[PDB]
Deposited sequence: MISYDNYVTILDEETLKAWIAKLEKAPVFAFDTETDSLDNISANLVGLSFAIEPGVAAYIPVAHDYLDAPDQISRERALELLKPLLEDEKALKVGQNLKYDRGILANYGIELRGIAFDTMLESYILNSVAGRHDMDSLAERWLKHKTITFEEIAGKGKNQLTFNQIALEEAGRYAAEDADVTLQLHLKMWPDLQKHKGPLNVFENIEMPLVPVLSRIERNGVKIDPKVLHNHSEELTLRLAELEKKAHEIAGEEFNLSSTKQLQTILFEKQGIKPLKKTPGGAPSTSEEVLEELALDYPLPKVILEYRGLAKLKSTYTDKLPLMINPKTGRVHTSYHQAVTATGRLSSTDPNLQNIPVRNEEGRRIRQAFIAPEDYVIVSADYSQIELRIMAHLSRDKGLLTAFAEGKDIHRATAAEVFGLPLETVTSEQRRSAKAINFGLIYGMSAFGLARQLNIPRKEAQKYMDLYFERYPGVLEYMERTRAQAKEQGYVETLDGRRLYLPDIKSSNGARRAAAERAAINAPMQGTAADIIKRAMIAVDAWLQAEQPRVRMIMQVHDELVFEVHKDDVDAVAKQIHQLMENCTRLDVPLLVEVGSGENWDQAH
């Protein structure tokens, strides 16, 4: 176990000051905060823990208020004595998910500096796919130590206690162990993170500096109009009713809009071909093939889609508005994706349909406050530009260089015809090839996206590789080093380990080869986006203009800018994004604005 003998519980100023003195001369120190809620903006700090050396850690309770809780240093007195140390950029701190801790302190007017090491990110940069990067998983992987779980001291279910309700000593065991373990994890991982300059570079200049900027974006939140979302909800109810009637009217009787049950009994029973369509799906959608002529499958297609969107965003979004700020605070995850891109939840901004009309209405609900406007800064087809650079292809490089539409430029080369005459179908064919290459799509998978026969798709890809030889080379070379060293890297050095590259399993090894071609372009896009965020945030902090960075979704950064400042600010965001990141890839940033996210998008 871990008893009350392990760590000290600081209940007096004199002892706290003794520790602050030791903390001041430590080379690095682990630090952690305890609160009464996972919600950063409204959580209250219940206590703090520190670790100066493996096995030497302490817990300082400041707001435990259960019946008869012992005297504790007051939250205000503890923070004023600790403030200088916390705000000192020279005092280096180590922590697990420091983004959270930085925010809690910000609730009390404290600016946490010296945010040097985050064990979550150390683990993530070492090997993004090694497993989960949370402390409990980390302590077990690297230290063969099983940590005290929050459930162990607080309980489970609705009757679960909040930190302020837990006994001082019990809270101490948990909090001081976090600090201690975090320091031990750093001592084991930091030395390893130096065996390679690639990962070390990404960790030091991309991931760590991004920690406080993610905190600031999350805490800023985004303005959502609940009325608009409600109208959209009422209207969708009516549209779902109408659509259901249109389905019944086309055939007979009533039925659910569920395939492999009520649909096959209608659809193919009235002429068609037996198999159904899985909601596997992004490759063989039987329902949308029939949709080009057959009416029923087209209405069932649209019905399901609207049903999904209503319960996911229309009904959910209004419930996420924080009472304290009046805004929605999404959760960004910095150590979850395999390629290094940021993910998002509650809400998952990336699942809002882009090329769909309803998704546009969801976006219209993201509004700018009075006298402000929503500004969108996007990296135009960054992955494609990255592939152009990685393949060193003069053809692609020149297309982007002279500002031509790469999809029409590619079609003009593949099909051999003037750029002005390329048709929509030809452009659509080249476009499917271009994005297919990024995901390492098979010549048959391209046929399923283009609806053309196999070997006809193969005919296009051979014509493509002949016109753009540099792309085949990159593809072959990347699969090469992937087998030679078990991993692939981005331009900045970020690595994706591929354990199934020599799998001996067929499909399992195919996946690893696709990931081999894909990761370098996706990871590089990710690195670029993170560098722009740090650069834009740095300008924001230094110059203090009337602008907030509110979102990050796909390849765009969304802001709130004062209406009278839009022009100067747009010039600035634009320069920072395509000139203060990587100077090797030919980058283009498209900046737009409006009353809501949809207008600026």
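Missing from the model, by position in the deposited sequence, is the single stretch 280-283.
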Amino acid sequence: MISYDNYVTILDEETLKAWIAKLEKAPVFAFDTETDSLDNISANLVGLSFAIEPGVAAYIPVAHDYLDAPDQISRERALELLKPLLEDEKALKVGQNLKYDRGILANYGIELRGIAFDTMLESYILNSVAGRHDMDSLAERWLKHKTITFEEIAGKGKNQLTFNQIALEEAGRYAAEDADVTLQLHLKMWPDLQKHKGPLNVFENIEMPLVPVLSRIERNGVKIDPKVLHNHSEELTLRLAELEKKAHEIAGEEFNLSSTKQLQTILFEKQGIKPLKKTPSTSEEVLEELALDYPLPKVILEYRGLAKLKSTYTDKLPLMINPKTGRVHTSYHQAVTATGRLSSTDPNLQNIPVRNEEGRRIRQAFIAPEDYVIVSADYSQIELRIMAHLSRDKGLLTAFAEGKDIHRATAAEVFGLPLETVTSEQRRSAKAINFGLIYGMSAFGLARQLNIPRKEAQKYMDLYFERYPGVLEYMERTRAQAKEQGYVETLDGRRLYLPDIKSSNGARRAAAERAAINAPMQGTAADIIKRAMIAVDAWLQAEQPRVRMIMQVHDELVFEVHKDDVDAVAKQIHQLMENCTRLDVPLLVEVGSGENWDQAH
From here on, numbers count along this sequence of modelled residues.
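On average the C-alpha atoms of 248-256 have higher B-factors than those of the other stretch, with 248-256 and 403-411 being the two compared.
Mean CA temperature factor is higher for 568-576 when stretches 568-576 and 47-55 are set side by side in the entry. Highest CA B-factor among the listed residues (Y294, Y124, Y372, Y100): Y294. The PDB entry assigns its highest CA temperature factor, among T490, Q160, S215, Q458, to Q458. Among the modelled residues of the chain, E111 sits in the lowest third by CA temperature factor in this PDB entry. The PDB entry assigns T581 a C-alpha temperature factor belonging to the highest third of its chain's modelled residues.
The deposited CA B-factor of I300 belongs to the highest third of values across its chain. Residue-level temperature factors show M120 in the lowest third of its chain, judged at the C-alpha atom. In this PDB entry, the Cα temperature factor of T339 sits in the middle third of its chain's modelled residues.
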